[PDB]
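This document opens with one chain alone, in structure tokens, the form deposited in one PDB entry.
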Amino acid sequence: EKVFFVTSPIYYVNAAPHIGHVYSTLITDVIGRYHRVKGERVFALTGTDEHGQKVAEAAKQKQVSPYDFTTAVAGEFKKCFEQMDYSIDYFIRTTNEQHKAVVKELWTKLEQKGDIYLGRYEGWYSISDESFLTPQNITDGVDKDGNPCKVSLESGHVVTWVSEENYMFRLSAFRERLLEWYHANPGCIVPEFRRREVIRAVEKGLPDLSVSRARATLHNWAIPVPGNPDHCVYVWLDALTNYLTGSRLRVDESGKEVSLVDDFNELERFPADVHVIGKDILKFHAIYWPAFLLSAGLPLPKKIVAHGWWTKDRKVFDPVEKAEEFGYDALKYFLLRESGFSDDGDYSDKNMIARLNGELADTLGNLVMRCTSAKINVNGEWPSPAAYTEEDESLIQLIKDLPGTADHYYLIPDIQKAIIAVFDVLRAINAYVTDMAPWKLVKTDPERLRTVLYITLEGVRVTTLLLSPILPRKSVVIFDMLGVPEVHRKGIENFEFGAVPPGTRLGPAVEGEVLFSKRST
């Protein structure tokens, strides 16, 4: 058994954080959280990509020192992610001195294997993307305010010509082995249609990669190539290596580096089990990264997951201002429920209220109040169930089956599908509780109401446990209301139906207390 290692991308610090950095780190955070509720060892990583030309020129364009500028923005991200109530284990910055150490270690390995040579790169380059492009991937446009230019087909950003003596990685030598890797491990890229993409790109053919830049081009704002101060190491090799760095750093209780281990095995994190990325940075993680790792004889990641968003601004959301107006758990829910891999989601104020009210408030929120109500649940107690009718069983079967299926969805990973799976069982429970009319049974058939109440409660409990990674603060409130002991709030033991025994007492109530309160109509 290993440490389960989940990563977000590390974000260029040229601009403040926005929705999107937050979405990316949310997925990373939710996966991590789910494996922790399974009781696994987890290490989730996130952070900032602070070197290179893009960022240098961002710092120049605001007339501030890049040493001061990267630190400033980096702090804004940290402040944003802290406000966003994630459970990330470490925040990593490429300016960190221990990271620089690993880049040089990694570089030397790449060199010693005979995989790096001194060449030229003469071709197109998007600075905003820090991406080398061939002429098939650029086209005319006017991203220059006035004048007409050539622009990236991927991003749309301005591309410029570069003719440099650069250090070159033999990425071309790694084609057939990448191709083997993708095939032998067909889950290694998710979603499937982006795996299909990568394999087409790599089967067409791979050129060598320009892993360094002339020192003056970058404004000297990059790590020096070992043994050649005239050169700076390509920001993306620098960036990608954060995953290795992070996997080697002992971190103290309050979240600060203390050591850099020599051997990545010592901490047991590497390779990343899941690399959460945005669709715009697929090639770096799915082609370049593996090929680097294969060269140095390092273990390949286990899977790369590219969501449908961009990682870097395109085209109505301040993350924290929205979480403050609508709710932190509801926002995270909404973002996870609404956006799939091919995306096309609707994020209007209408739709957020639609789901807040319909799903969080009327499906989930409502069930909790019925099954803890003073009027229905008269003794504030988990009752022992009597005999089960076939309907009782039918619903119980769903609740028994839910953890297994929700678990597979969580492992794909597909947080959307998982949330759908849980709320399907939730929807069933409401249907069940309508049919059964407990409010009528308190008076007519006390013995029946026991069976029903028990099933509702245990239904609400398990759905809630599988929703914990999405609604972390709100699951805690639900459990307190239900009176679930702390030892039952976590661990696959407690995926089992009937793990909280009858006799358990509910938590105290407040005269007016609400779990999710509807938004205006």
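The first residue of the shown sequence is 1; numbering continues from there. Superpose the two forms; the largest set of C-alphas matching within 1.5 Å is the rigid core. Only residues modelled in both forms are compared.
The same protein has a further form, the form deposited in another entry, not shown here; the description that follows concerns it.
- For the residue set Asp445, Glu165, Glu393, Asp143, core-aligned C-alpha shifts between the shown form and the other one reach 2 angstroms or more at a single site, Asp143.
- With the core held fixed, the Cα of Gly119 is displaced between the shown form and the other one by less than 2 Å.
- Positional change of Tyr90 between the shown form and the other one stays under 2 Å at the C-alpha, relative to the superposed core.
- Once you line up the core between the shown form and the other one, the Cα of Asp263 stays within less than 2 Å of where it was.
- Relative to this form, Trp310 and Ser348 approach one another in the other form, with their C-alpha atoms ending up at least 3 Å closer.
- In the other form, the Cα positions of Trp310 and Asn351 lie at least 3 Å nearer to each other than in the form displayed.
- Relative to the superposed core, shifted segments between the shown form and the other one, defined as three or more consecutive residues with every Cα moved by 2 Å or more, span 143 to 145, 309 to 315, 344 to 346.
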